[PDB]
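**Student:** What follows is a structure written as structure tokens; I'll ask about it next.
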Amino acid sequence: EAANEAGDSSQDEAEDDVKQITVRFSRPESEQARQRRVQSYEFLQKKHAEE
Amino acid sequence: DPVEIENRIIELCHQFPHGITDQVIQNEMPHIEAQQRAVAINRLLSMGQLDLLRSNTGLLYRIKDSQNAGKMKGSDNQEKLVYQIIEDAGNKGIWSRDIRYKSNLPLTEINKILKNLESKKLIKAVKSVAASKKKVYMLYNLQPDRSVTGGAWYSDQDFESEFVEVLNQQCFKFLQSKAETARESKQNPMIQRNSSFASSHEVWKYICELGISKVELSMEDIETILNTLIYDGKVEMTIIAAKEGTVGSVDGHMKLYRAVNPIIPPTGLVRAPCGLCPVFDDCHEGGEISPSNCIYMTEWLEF
Amino acid sequence: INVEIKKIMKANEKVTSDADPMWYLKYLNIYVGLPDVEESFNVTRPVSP
Ligand code: SF4
């Protein structure tokens with residue numbers, strides 16, 4: 001679907017979609033939010049996949 | 001030894017502050033395979049000493065800004081962890097409240113950080129002219145954006161109504177004189193209309209020759225002034241086709257302005273006190289507000 | 001008053017604020033004592049029902 005969206009035109013001009021530096025703040029996470037992230041399913045799945 | 005690889009990549013990033021591609025690293029160190037270089041880059045990114053850029057030429061790896069220091073008291077970590085979004089905001093600026101909210105730090109710590117950064121000439125605090133609530137912080141090297149601060153009309157966070165009034169009056173006088181000369185020329189109606197027309201560049205140069213104020217007025221400033229005059233119902237603008245000339249502002253299009261008389265004189269409704277009454281809704285035959293004992297019509301008939 | 005109140009106090013033994021870290025207020029043990037009356041000036045006194 002992404003390829004079809006890009007293919008709306010036969011010839012696609014070189015997009016000036018340079019990745020602006022969107023480096024986000026490594027915000028100090030609140031202990032409650034950190035516990036929520038640790039207890040999240042994605043974190044457990046990533047920890048399982050680490051092995 | 002991957003530590004030597006990381007040190008060499010750090011040295012190469014020091015040699016090129018704008019960032020290095022994978023081709024440069026391969027040319028500097030050809031005896032190391034691509035997988036080891038990729039692992040080294042991944043470790044450098046994990047430990048936070050490198051940043052990735054996606055340019056039209058590919059991937060660039062740049063050393064994180066640590067040498068540029070304004071707040072060394074305490075930890076460089078919080079210094080860069082404030083300067084990061086300071087730079088991300090850049091020209092548009094960012095209020096102290098938003099800096100505190102994005103930094104997730106108390107007000108005292110961020111106040112100390114901002115003061116120490118201002119001490120070593122890294123950030124400048126300018127007053128938001130759009131909403132005079134707090135002072136936004138920008139990079140010292142970056143030029144302040146005209147929308148968030150400054151402007152040819154705003155002077156010290158104060159709108160100059162007298163300045164725009166003088167501009168409007170002078171532009172209207174110039175356009176009226178030009179239209180009068182075009183009418184008195186009476187050479188040909190097309191020639192009269194073309195001579196009554198005044199380009200934005202012409203009136204801008206005329207205003208610059210006048211020199212009412214010290215601030216430099218760009219062409220688009222005079223264009224906005226003439227647009228406000230159009231909104232006043234006193235002048236008319238037409239977009240003609242002209243490829244290139246003394247203006248060269250819009251591609252193939254030129255805006256010509258001319259002073260035009262109003263369509264109709266003031267209507268008959270406004271000549272009666274009832275049409276300009278602010279309490280017209282409360283009008284009634286028998287009551288406190290009656291046409292028989294009206295003060296507006298009394299003063300109008302007495303005058 | 002002998003068991004449940006201690007469990008409730010233990011469930012909320014530590015309370016701290018997000019701003020200015022390393023600051024905390026820690027409860028150790030809570031007592032209810034004997035019934036007294038606050039009539040006397042800053043002094044308690046046994047009182048019958
Ligand atoms: S107060 Fe008199 S003049 Fe004003 S709207 Fe009423 S009748 Fe008309």
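Following the order of the structure tokens, chains are lettered A, B, ..., residues in each are numbered from 1, and ligands are numbered from 1.
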With only C-alpha atoms as the counted atoms, please give the residues lying no more than 12 Å from segment 15-25 of chain B, apart from itself and same-chain residues fewer than 5 positions off, as a VMD selection string.

**Tutor:** chain B and resid 5 to 6 8 to 10 30 to 38 40 to 41 50 to 67

**Student:** Keeping C-alpha atoms, export the residues of the selection given above as an mmCIF file, in the first residue's frame.

**Tutor:**
data_model
loop_
_atom_site.group_PDB
_atom_site.id
_atom_site.type_symbol
_atom_site.label_atom_id
_atom_site.label_comp_id
_atom_site.auth_asym_id
_atom_site.auth_seq_id
_atom_site.Cartn_x
_atom_site.Cartn_y
_atom_site.Cartn_z
ATOM 1 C CA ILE B 5 37.281 0.985 16.241
ATOM 2 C CA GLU B 6 35.027 3.220 18.344
ATOM 3 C CA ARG B 8 38.878 5.777 15.492
ATOM 4 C CA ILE B 9 35.275 6.586 14.551
ATOM 5 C CA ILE B 10 35.201 9.255 17.274
ATOM 6 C CA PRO B 30 39.707 -0.748 4.835
ATOM 7 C CA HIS B 31 40.993 -3.817 6.717
ATOM 8 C CA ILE B 32 37.847 -3.972 8.904
ATOM 9 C CA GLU B 33 34.721 -5.646 7.534
ATOM 10 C CA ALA B 34 31.353 -3.913 7.311
ATOM 11 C CA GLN B 35 29.811 -5.976 10.125
ATOM 12 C CA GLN B 36 32.378 -4.849 12.706
ATOM 13 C CA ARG B 37 31.905 -1.218 11.656
ATOM 14 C CA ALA B 38 28.129 -1.637 11.957
ATOM 15 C CA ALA B 40 30.785 -0.290 16.471
ATOM 16 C CA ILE B 41 28.329 2.313 15.156
ATOM 17 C CA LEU B 50 26.721 9.809 18.044
ATOM 18 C CA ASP B 51 23.733 11.089 16.072
ATOM 19 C CA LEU B 52 22.378 9.892 12.731
ATOM 20 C CA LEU B 53 21.441 12.144 9.803
ATOM 21 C CA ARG B 54 19.590 11.091 6.641
ATOM 22 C CA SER B 55 20.776 13.234 3.726
ATOM 23 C CA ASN B 56 20.331 12.875 -0.025
ATOM 24 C CA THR B 57 23.773 11.214 -0.087
ATOM 25 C CA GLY B 58 22.858 8.617 2.546
ATOM 26 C CA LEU B 59 23.642 8.220 6.246
ATOM 27 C CA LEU B 60 25.846 10.592 8.254
ATOM 28 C CA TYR B 61 27.245 10.005 11.748
ATOM 29 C CA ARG B 62 27.958 13.162 13.745
ATOM 30 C CA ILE B 63 29.529 13.560 17.171
ATOM 31 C CA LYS B 64 27.018 14.813 19.726
ATOM 32 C CA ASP B 65 27.443 18.464 20.698
ATOM 33 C CA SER B 66 29.437 18.392 23.939
ATOM 34 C CA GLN B 67 32.263 20.835 23.210
#

**Student:** I need the residues in chain C that are strand (DSSP E) according to DSSP; give them as a ChimeraX atom specification.

**Tutor:** /C:14-15,25-26,36-37,45-46

**Student:** Restricting the output to N, CA, C and O atoms, write the selected residues as a PDB file, in the first residue's frame.

**Tutor:**
ATOM      1  N   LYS C  14       5.548   5.346  52.462  1.00  0.00           N
ATOM      2  CA  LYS C  14       6.430   6.341  51.868  1.00  0.00           C
ATOM      3  C   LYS C  14       5.647   7.232  50.913  1.00  0.00           C
ATOM      4  O   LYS C  14       4.922   6.733  50.045  1.00  0.00           O
ATOM      5  N   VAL C  15       5.797   8.544  51.079  1.00  0.00           N
ATOM      6  CA  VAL C  15       5.195   9.536  50.198  1.00  0.00           C
ATOM      7  C   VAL C  15       6.265  10.555  49.834  1.00  0.00           C
ATOM      8  O   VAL C  15       6.993  11.038  50.710  1.00  0.00           O
ATOM      9  N   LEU C  25       8.947  11.315  52.905  1.00  0.00           N
ATOM     10  CA  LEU C  25       8.330  11.263  54.225  1.00  0.00           C
ATOM     11  C   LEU C  25       7.929   9.822  54.492  1.00  0.00           C
ATOM     12  O   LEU C  25       7.021   9.297  53.838  1.00  0.00           O
ATOM     13  N   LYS C  26       8.599   9.185  55.448  1.00  0.00           N
ATOM     14  CA  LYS C  26       8.451   7.759  55.699  1.00  0.00           C
ATOM     15  C   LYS C  26       7.759   7.533  57.038  1.00  0.00           C
ATOM     16  O   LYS C  26       8.239   8.004  58.076  1.00  0.00           O
ATOM     17  N   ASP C  36      -8.768  10.325  75.110  1.00  0.00           N
ATOM     18  CA  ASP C  36      -8.441  11.498  75.908  1.00  0.00           C
ATOM     19  C   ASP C  36      -9.235  12.683  75.379  1.00  0.00           C
ATOM     20  O   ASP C  36      -9.824  12.634  74.297  1.00  0.00           O
ATOM     21  N   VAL C  37      -9.244  13.759  76.162  1.00  0.00           N
ATOM     22  CA  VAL C  37      -9.970  14.977  75.825  1.00  0.00           C
ATOM     23  C   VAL C  37      -8.973  16.120  75.700  1.00  0.00           C
ATOM     24  O   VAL C  37      -8.035  16.231  76.496  1.00  0.00           O
ATOM     25  N   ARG C  45      -6.277  14.343  79.092  1.00  0.00           N
ATOM     26  CA  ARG C  45      -6.853  13.878  80.343  1.00  0.00           C
ATOM     27  C   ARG C  45      -7.803  12.721  80.061  1.00  0.00           C
ATOM     28  O   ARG C  45      -8.591  12.805  79.106  1.00  0.00           O
ATOM     29  N   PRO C  46      -7.746  11.643  80.844  1.00  0.00           N
ATOM     30  CA  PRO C  46      -8.703  10.546  80.658  1.00  0.00           C
ATOM     31  C   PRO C  46     -10.132  11.021  80.885  1.00  0.00           C
ATOM     32  O   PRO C  46     -10.424  11.740  81.842  1.00  0.00           O
TER      33      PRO C  46
END

**Student:** Could you tell me, counting only C-alpha atoms and all ligand atoms, which protein and nucleic acid residues lie no more than 9 Å from ligand 1, written as a PDB file with N, CA and C atoms, in the first residue's frame?

**Tutor:**
ATOM      1  N   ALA B 272     -30.081  59.130   9.317  1.00  0.00           N
ATOM      2  CA  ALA B 272     -31.102  59.193  10.346  1.00  0.00           C
ATOM      3  C   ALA B 272     -30.561  58.642  11.659  1.00  0.00           C
ATOM      4  N   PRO B 273     -30.946  59.227  12.797  1.00  0.00           N
ATOM      5  CA  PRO B 273     -30.444  58.717  14.085  1.00  0.00           C
ATOM      6  C   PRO B 273     -30.857  57.285  14.372  1.00  0.00           C
ATOM      7  N   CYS B 274     -31.960  56.817  13.784  1.00  0.00           N
ATOM      8  CA  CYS B 274     -32.423  55.458  14.046  1.00  0.00           C
ATOM      9  C   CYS B 274     -31.469  54.417  13.475  1.00  0.00           C
ATOM     10  N   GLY B 275     -30.797  54.735  12.366  1.00  0.00           N
ATOM     11  CA  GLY B 275     -29.897  53.782  11.741  1.00  0.00           C
ATOM     12  C   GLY B 275     -28.581  53.602  12.469  1.00  0.00           C
ATOM     13  N   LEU B 276     -28.170  54.592  13.257  1.00  0.00           N
ATOM     14  CA  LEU B 276     -26.924  54.530  14.009  1.00  0.00           C
ATOM     15  C   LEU B 276     -27.156  54.378  15.507  1.00  0.00           C
ATOM     16  N   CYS B 277     -28.372  54.032  15.914  1.00  0.00           N
ATOM     17  CA  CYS B 277     -28.680  53.916  17.333  1.00  0.00           C
ATOM     18  C   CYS B 277     -28.112  52.616  17.894  1.00  0.00           C
ATOM     19  N   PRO B 278     -27.446  52.651  19.054  1.00  0.00           N
ATOM     20  CA  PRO B 278     -26.951  51.405  19.655  1.00  0.00           C
ATOM     21  C   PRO B 278     -27.993  50.655  20.466  1.00  0.00           C
ATOM     22  N   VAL B 279     -29.094  51.302  20.841  1.00  0.00           N
ATOM     23  CA  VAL B 279     -30.140  50.665  21.637  1.00  0.00           C
ATOM     24  C   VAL B 279     -31.378  50.519  20.755  1.00  0.00           C
ATOM     25  N   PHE B 280     -31.149  50.399  19.444  1.00  0.00           N
ATOM     26  CA  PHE B 280     -32.240  50.283  18.481  1.00  0.00           C
ATOM     27  C   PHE B 280     -33.148  49.095  18.779  1.00  0.00           C
ATOM     28  N   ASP B 281     -32.608  48.030  19.375  1.00  0.00           N
ATOM     29  CA  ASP B 281     -33.420  46.847  19.651  1.00  0.00           C
ATOM     30  C   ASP B 281     -34.481  47.135  20.706  1.00  0.00           C
ATOM     31  N   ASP B 282     -34.157  47.971  21.693  1.00  0.00           N
ATOM     32  CA  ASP B 282     -35.086  48.292  22.770  1.00  0.00           C
ATOM     33  C   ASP B 282     -36.084  49.382  22.402  1.00  0.00           C
ATOM     34  N   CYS B 283     -36.161  49.775  21.131  1.00  0.00           N
ATOM     35  CA  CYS B 283     -37.106  50.804  20.719  1.00  0.00           C
ATOM     36  C   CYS B 283     -38.534  50.279  20.786  1.00  0.00           C
ATOM     37  N   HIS B 284     -39.444  51.112  21.290  1.00  0.00           N
ATOM     38  CA  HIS B 284     -40.853  50.754  21.369  1.00  0.00           C
ATOM     39  C   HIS B 284     -41.689  52.025  21.372  1.00  0.00           C
ATOM     40  N   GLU B 285     -42.957  51.875  20.982  1.00  0.00           N
ATOM     41  CA  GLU B 285     -43.874  53.010  20.952  1.00  0.00           C
ATOM     42  C   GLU B 285     -44.106  53.564  22.354  1.00  0.00           C
ATOM     43  N   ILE B 289     -37.920  54.077  26.256  1.00  0.00           N
ATOM     44  CA  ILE B 289     -37.217  54.431  25.030  1.00  0.00           C
ATOM     45  C   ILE B 289     -38.267  54.535  23.933  1.00  0.00           C
ATOM     46  N   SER B 290     -38.689  55.759  23.635  1.00  0.00           N
ATOM     47  CA  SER B 290     -39.710  56.020  22.637  1.00  0.00           C
ATOM     48  C   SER B 290     -39.210  57.063  21.650  1.00  0.00           C
ATOM     49  N   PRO B 291     -39.629  56.973  20.384  1.00  0.00           N
ATOM     50  CA  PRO B 291     -39.233  58.007  19.415  1.00  0.00           C
ATOM     51  C   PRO B 291     -39.745  59.392  19.769  1.00  0.00           C
ATOM     52  N   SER B 292     -40.843  59.489  20.522  1.00  0.00           N
ATOM     53  CA  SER B 292     -41.371  60.796  20.890  1.00  0.00           C
ATOM     54  C   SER B 292     -40.422  61.537  21.823  1.00  0.00           C
ATOM     55  N   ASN B 293     -39.852  60.833  22.803  1.00  0.00           N
ATOM     56  CA  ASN B 293     -38.936  61.432  23.766  1.00  0.00           C
ATOM     57  C   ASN B 293     -37.487  61.011  23.533  1.00  0.00           C
ATOM     58  N   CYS B 294     -37.107  60.770  22.281  1.00  0.00           N
ATOM     59  CA  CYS B 294     -35.746  60.352  21.975  1.00  0.00           C
ATOM     60  C   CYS B 294     -34.775  61.513  22.142  1.00  0.00           C
ATOM     61  N   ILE B 295     -33.593  61.217  22.692  1.00  0.00           N
ATOM     62  CA  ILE B 295     -32.566  62.243  22.842  1.00  0.00           C
ATOM     63  C   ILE B 295     -31.742  62.365  21.564  1.00  0.00           C
ATOM     64  N   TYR B 296     -31.523  61.245  20.869  1.00  0.00           N
ATOM     65  CA  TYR B 296     -30.740  61.273  19.636  1.00  0.00           C
ATOM     66  C   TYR B 296     -31.396  62.163  18.589  1.00  0.00           C
ATOM     67  N   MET B 297     -32.679  61.920  18.303  1.00  0.00           N
ATOM     68  CA  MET B 297     -33.381  62.741  17.325  1.00  0.00           C
ATOM     69  C   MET B 297     -33.540  64.178  17.807  1.00  0.00           C
ATOM     70  N   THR B 298     -33.652  64.385  19.119  1.00  0.00           N
ATOM     71  CA  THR B 298     -33.730  65.743  19.649  1.00  0.00           C
ATOM     72  C   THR B 298     -32.456  66.521  19.343  1.00  0.00           C
ATOM     73  N   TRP B 300     -30.280  65.766  17.091  1.00  0.00           N
ATOM     74  CA  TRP B 300     -30.100  65.818  15.645  1.00  0.00           C
ATOM     75  C   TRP B 300     -30.928  66.935  15.018  1.00  0.00           C
TER      76      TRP B 300
END

**Student:** Mind checking which residues fall within 9 Å of segment 220-222 of chain B, counting only C-alpha atoms, ignoring those fewer than 3 positions away in the same chain, and posting them as a PyMOL selection string?

**Tutor:** chain B and resi 152+167+171+200-201+203-204+207+217+225-227

**Student:** Include C-alpha atoms and write out the residues we just selected as a PDB file, in the first residue's frame.

**Tutor:**
ATOM      1  CA  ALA B 152       8.644  46.373  11.074  1.00  0.00           C
ATOM      2  CA  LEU B 167       1.926  54.781   6.004  1.00  0.00           C
ATOM      3  CA  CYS B 171       0.282  55.752   0.265  1.00  0.00           C
ATOM      4  CA  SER B 200       4.286  47.678  -5.361  1.00  0.00           C
ATOM      5  CA  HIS B 201       7.982  48.279  -6.060  1.00  0.00           C
ATOM      6  CA  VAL B 203       5.326  52.820  -4.078  1.00  0.00           C
ATOM      7  CA  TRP B 204       7.866  50.974  -1.915  1.00  0.00           C
ATOM      8  CA  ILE B 207       8.065  55.346   0.761  1.00  0.00           C
ATOM      9  CA  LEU B 217      10.452  48.609   5.107  1.00  0.00           C
ATOM     10  CA  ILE B 225      -0.102  48.182   3.728  1.00  0.00           C
ATOM     11  CA  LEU B 226      -1.704  48.467   0.287  1.00  0.00           C
ATOM     12  CA  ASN B 227      -3.781  45.352   1.002  1.00  0.00           C
TER      13      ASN B 227
END

**Student:** Output as a list in words the set of chain A residues within 12 Å of chain C, with distances taken over only C-alpha atoms.

**Tutor:**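 Going by the stated atoms only, the list reads residues 28, 29, 30, 31 and 32 of chain A.
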
**Student:** As a list in words, please: all residues of chain A that backbone DSSP puts in helix (DSSP H, G or I).

**Tutor:**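 Those residues are residues 2, 3, 4, 5, 6, 31, 32, 33, 34, 35, 36, 37, 38, 41, 42, 43, 44, 45, 46, 47, 48, 49 and 50 of chain A.
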
**Student:** Residues as selected, N, CA, C and O atoms, written as a CSV table (one decimal), in the first residue's frame, can you do that?

**Tutor:**
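Saved result, part.csv, follows:
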chain,number,residue,atom,x,y,z
A,2,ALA,N,2.0,1.2,0.8
A,2,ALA,CA,2.9,2.4,0.7
A,2,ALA,C,3.5,2.5,-0.7
A,2,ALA,O,3.7,3.7,-1.1
A,3,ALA,N,3.9,1.4,-1.3
A,3,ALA,CA,4.4,1.5,-2.7
A,3,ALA,C,3.4,2.1,-3.6
A,3,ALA,O,3.7,2.8,-4.5
A,4,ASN,N,2.1,1.6,-3.5
A,4,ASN,CA,1.1,2.2,-4.4
A,4,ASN,C,0.8,3.7,-4.1
A,4,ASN,O,0.6,4.4,-5.1
A,5,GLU,N,0.9,4.1,-2.9
A,5,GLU,CA,0.8,5.5,-2.6
A,5,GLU,C,2.0,6.3,-3.2
A,5,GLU,O,1.8,7.4,-3.8
A,6,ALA,N,3.2,5.7,-3.1
A,6,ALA,CA,4.3,6.4,-3.8
A,6,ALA,C,4.2,6.4,-5.3
A,6,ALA,O,4.7,7.3,-6.0
A,31,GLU,N,8.7,7.1,38.1
A,31,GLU,CA,8.8,5.7,38.6
A,31,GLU,C,7.6,4.9,38.2
A,31,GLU,O,7.6,3.7,37.9
A,32,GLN,N,6.4,5.6,38.3
A,32,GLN,CA,5.2,4.9,37.9
A,32,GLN,C,5.2,4.6,36.4
A,32,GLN,O,4.8,3.5,36.0
A,33,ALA,N,5.6,5.5,35.6
A,33,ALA,CA,5.6,5.3,34.1
A,33,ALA,C,6.7,4.3,33.8
A,33,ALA,O,6.5,3.5,32.9
A,34,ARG,N,7.8,4.3,34.5
A,34,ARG,CA,8.8,3.3,34.3
A,34,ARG,C,8.3,1.9,34.6
A,34,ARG,O,8.6,0.9,33.9
A,35,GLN,N,7.6,1.8,35.7
A,35,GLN,CA,7.0,0.5,36.1
A,35,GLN,C,6.0,0.0,35.1
A,35,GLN,O,5.9,-1.2,34.7
A,36,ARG,N,5.2,1.0,34.5
A,36,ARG,CA,4.3,0.7,33.5
A,36,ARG,C,5.0,0.2,32.2
A,36,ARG,O,4.5,-0.8,31.6
A,37,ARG,N,6.1,0.8,31.9
A,37,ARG,CA,6.9,0.4,30.7
A,37,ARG,C,7.5,-1.0,30.9
A,37,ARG,O,7.5,-1.9,30.0
A,38,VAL,N,8.0,-1.3,32.1
A,38,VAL,CA,8.5,-2.6,32.4
A,38,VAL,C,7.5,-3.7,32.4
A,38,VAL,O,7.7,-4.8,31.9
A,41,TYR,N,3.6,-5.3,27.6
A,41,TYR,CA,3.8,-6.6,26.9
A,41,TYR,C,5.0,-6.4,25.9
A,41,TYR,O,5.7,-7.4,25.7
A,42,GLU,N,5.1,-5.3,25.3
A,42,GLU,CA,6.2,-5.1,24.3
A,42,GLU,C,7.6,-5.3,25.0
A,42,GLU,O,8.5,-5.9,24.4
A,43,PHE,N,7.7,-4.8,26.2
A,43,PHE,CA,9.0,-4.9,26.9
A,43,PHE,C,9.3,-6.4,27.2
A,43,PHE,O,10.4,-6.9,27.0
A,44,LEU,N,8.3,-7.1,27.6
A,44,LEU,CA,8.5,-8.6,27.9
A,44,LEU,C,8.8,-9.3,26.6
A,44,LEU,O,9.7,-10.2,26.6
A,45,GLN,N,8.1,-9.0,25.5
A,45,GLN,CA,8.4,-9.7,24.3
A,45,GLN,C,9.8,-9.4,23.8
A,45,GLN,O,10.5,-10.3,23.3
A,46,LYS,N,10.2,-8.1,23.9
A,46,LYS,CA,11.6,-7.8,23.5
A,46,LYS,C,12.6,-8.5,24.4
A,46,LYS,O,13.7,-9.0,23.9
A,47,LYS,N,12.4,-8.6,25.7
A,47,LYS,CA,13.3,-9.3,26.6
A,47,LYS,C,13.3,-10.8,26.2
A,47,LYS,O,14.4,-11.4,26.3
A,48,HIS,N,12.2,-11.4,25.9
A,48,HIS,CA,12.2,-12.8,25.4
A,48,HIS,C,13.0,-12.9,24.1
A,48,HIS,O,13.8,-13.9,24.0
A,49,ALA,N,12.8,-12.0,23.2
A,49,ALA,CA,13.5,-12.0,21.9
A,49,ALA,C,15.0,-11.8,22.1
A,49,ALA,O,15.8,-12.1,21.2
A,50,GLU,N,15.4,-11.1,23.2
A,50,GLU,CA,16.9,-10.9,23.4
A,50,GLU,C,17.7,-12.2,23.5
A,50,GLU,O,18.8,-12.2,23.1

**Student:** Smallest atom-to-atom distance to chain B: which of C:40, C:35, C:48, C:19, using only C-alpha atoms?

**Tutor:**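 Answer, going by the shortest atom-to-atom distance: C:19.
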
**Student:** Select residues of chain B: the criterion is any atom within 12 Å of an atom of chain C, counting only C-alpha atoms; output as a ChimeraX atom specification.

**Tutor:** /B:100,104-110

**Student:** May I have the residues from that selection written out with C-alpha atoms, as a PDB file, in the first residue's frame?

**Tutor:**
ATOM      1  CA  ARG B 100      10.239  22.895  31.731  1.00  0.00           C
ATOM      2  CA  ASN B 104      10.444  17.136  33.016  1.00  0.00           C
ATOM      3  CA  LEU B 105      12.523  19.097  35.538  1.00  0.00           C
ATOM      4  CA  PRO B 106      11.489  21.494  38.318  1.00  0.00           C
ATOM      5  CA  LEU B 107      11.541  25.233  37.743  1.00  0.00           C
ATOM      6  CA  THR B 108      14.668  25.889  39.820  1.00  0.00           C
ATOM      7  CA  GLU B 109      16.908  23.505  37.860  1.00  0.00           C
ATOM      8  CA  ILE B 110      15.821  24.816  34.466  1.00  0.00           C
TER       9      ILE B 110
END

**Student:** Within 10 Å of chain B, which residues of chain A are there when counting only C-alpha atoms? Please give them as a ChimeraX atom specification.

**Tutor:** /A:14-30

**Student:** Show me, as a list in words, the residues that have an atom within 7 Å of residue 129 of chain B when counting only C-alpha atoms, minus same-chain residues fewer than 2 positions from it.

**Tutor:**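 Those residues are residues 127, 131, 132, 148, 149, 150 and 157 of chain B.
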
**Student:** Would you save the residues of that selection, restricted to C-alpha atoms, as a PDB file, in the first residue's frame?

**Tutor:**
ATOM      1  CA  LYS B 127      10.156  38.706  24.455  1.00  0.00           C
ATOM      2  CA  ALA B 131       1.789  36.844  23.177  1.00  0.00           C
ATOM      3  CA  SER B 132       3.695  38.872  25.790  1.00  0.00           C
ATOM      4  CA  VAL B 148       7.665  35.144  16.687  1.00  0.00           C
ATOM      5  CA  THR B 149       9.447  38.426  17.497  1.00  0.00           C
ATOM      6  CA  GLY B 150      10.413  41.766  16.005  1.00  0.00           C
ATOM      7  CA  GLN B 157       6.378  44.609  21.995  1.00  0.00           C
TER       8      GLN B 157
END

**Student:** Could you check how far atom CA of residue 93 of chain B sits from atom CA of residue 137 of chain B, in Å to one decimal?

**Tutor:**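 We find that atom CA of residue 93 of chain B and atom CA of residue 137 of chain B lie 5.3 Å from each other.
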
**Student:** How many Å separate atom CA of residue 44 of chain C from atom CA of residue 13 of chain C?

**Tutor:**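 So the two atoms, atom CA of residue 44 of chain C and atom CA of residue 13 of chain C, lie 27.5 Å apart.
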
**Student:** Residues within 8 Å of segment 230-243 of chain B, please, as a list in words. Count only C-alpha atoms; anything in the same chain fewer than 6 positions from it doesn't count.

**Tutor:**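 These residues fall inside the cut-off: residues 172, 251, 252, 253, 254, 255, 256, 257, 258, 259, 260, 261 and 262 of chain B.
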
**Student:** One decimal, Å: what's the distance from atom CA of residue 78 of chain B over to atom CA of residue 49 of chain B, could you say?

**Tutor:**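 Going from atom CA of residue 78 of chain B over to atom CA of residue 49 of chain B covers 14.6 Å.
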
**Student:** Which residue out of B:140, B:128, B:151, B:46 has the minimum interatomic distance to residue 86 of chain B when only C-alpha atoms are used?

**Tutor:**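 Going through B:140, B:128, B:151, B:46 one by one, the smallest distance to residue 86 of chain B is for B:140.
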